[PDB]
Each structure stands twice: as C-alpha cells, then as structure tokens.
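See below for the structure under consideration.
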Amino acid sequence: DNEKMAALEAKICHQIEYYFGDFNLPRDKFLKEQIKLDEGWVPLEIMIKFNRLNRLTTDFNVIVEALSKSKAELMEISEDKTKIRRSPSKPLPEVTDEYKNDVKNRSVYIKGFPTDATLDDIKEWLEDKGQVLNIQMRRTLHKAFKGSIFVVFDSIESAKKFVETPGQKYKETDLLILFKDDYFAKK
RNA sequence: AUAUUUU
C-alpha cells in the first residue's frame, strides 16, 4: 500500500517536471508569465489549477513531499514551502539551429490509435519503447482526436530504434510509424 | 472567454 504512495509521488514529480521542462516551458504562455512575477516561483495555489496535476492531488503537502524526493532535481521548493520553481541552476537551453535540428531528428509520427484513446493510454503504451519527452495528440480545429500523434524521444538514437521496429501494434491494432520529417515529406 | 489546460 505504501507502494501506491510512492507511485503517486513519482507521477506528481513527472507531471510537474513536464510543465517546467525543456519541451513544454518554451511554448507555455501562461507558465512563462507566472515565472516572470516572483523570480521563477509559482505558488502551489496556482499549480493546483493545472488539470493533470489536479487529478493526481490538490494537496500542497503531498506535492511538496513528492518534489523533495524527485530524482530529476529540476524543481526547487521555497523555504515556507508555498511555492516552487525550476532551478536557476538548470536554465533553458539556447535554441540554436543545431538544437532544433536535433529535436526534429528525435521526433516521430505515429498513426493508428482509436479516436477515444487518451494521453494516459498512449503514455502507458509508450513506457516500453524508450524515453519520451513529449506526446502531441493530433486534433481537429475543434479539439477532436485524429488518432495520430507526434512523439519526441530523449535522443535520436532511441527515436531511430523505435522507428526501426516494424511490427508494432496498439491493443493489437496495426500502427503506421515514421520519422516526423518523413511524414511531412510525403504529405 | 487570459473563462489559455499535458495551463
């Protein structure tokens, strides 16, 4: 049972580390604004408004507990424990031609998921194919899931491996997997 | 409707 508490805390850490991570932060208008207010610090009162974290827990003490154990050590907790921020010692990487070129080469296109599949279904299916840093579910202008996604792996090596494996299926349904740039070339 | 939500 104590195991479940560890699991919840590992998920809380992962979710918050995603919001403040290299992939999401540079594209997060709302969050980039909060960060400019009090030297990076964002009150837990605000953090609780984040749906995904909300679903995990809205309790400040749990969140702080979870973060204080994080292995990533990306986040910093204030003394009064009412706010958190990305460590000033882990600044965002400079987005150079090279950085972007590397990102594109680590991005994959996958088609074949059912329209009702959720980010959680997809995340679970992916925890066995390499370290994923971002999952983008492709939706219509009105937010309807198209069944296709873009995935960004931790490195071009893990992405290459994944794209190389031919017999992949989701809940025993065939899947079309290509490198993201290759997908655009065809389309 | 910045009432932005993997905010």
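Protein chains get the first letters and strands the later ones, always in sequence-line order, with residue 1 at the start of each. For the numbers below, each heavy atom of this structure counts, side chains included, while hydrogens, waters and symmetry mates do not.
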How is [X] classified with respect to the nucleic acid when contacts are heavy atoms under 4.0 Å: base, sugar-phosphate, or nothing?
X        : value
A/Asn134 : base
A/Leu31  : nothing
A/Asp28  : sugar-phosphate
A/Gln136 : nothing

Query - side-chain hydrogen bond (donor to acceptor under 3.5 Å, both in side chains) partner of A/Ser148, the single match among A/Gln136, A/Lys111, A/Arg138 - result: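 So the option named by the test is A/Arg138.
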Query raised in the report: Should A/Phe30 and A/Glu33 count as side-chain neighbours, where that means a heavy-atom distance under 4.5 Å?
Result: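 Side chain of A/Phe30 against side chain of A/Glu33, heavy atoms only: no contact under 4.5 Å found.
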Query raised in the report: Is there a side-chain contact between A/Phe153 and A/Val108 (heavy atoms, below 4.5 Å)?
Result: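 Yes; the side chains approach each other to less than 4.5 Å.
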Query raised in the report: 5' to 3' on RNA chain B, which nucleotides open and close the contacts with chain A (atom under 4.0 Å from a heavy atom)?
Result: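 Listed 5' to 3', the contact boundaries are B/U2 to B/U7.
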Query - Between A/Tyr109 and A/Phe179, ring centroids under 6.0 Å - result: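 No, they do not, as the ring centres are separated by 6.0 Å or more.
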**Report entry** 5' priority, RNA chain B, between A/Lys29 and A/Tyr18 [closest heavy atom]
**Finding:**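 Nearer the 5' end of the strand: A/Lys29.
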Report task. Would you please test A/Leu126 and A/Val151 for side-chain contact (heavy atoms from CB on, under 4.5 Å) and show each step? Result -> CA-CA 9 Å; A/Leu126 284 169; A/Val151 177; 3.9 Å; yes
Report task. Taking side-chain hydrogen bond (donor to acceptor under 3.5 Å, both in side chains) as the test, write out the residues that go with A/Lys180, two or more places apart. Result ->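 None.
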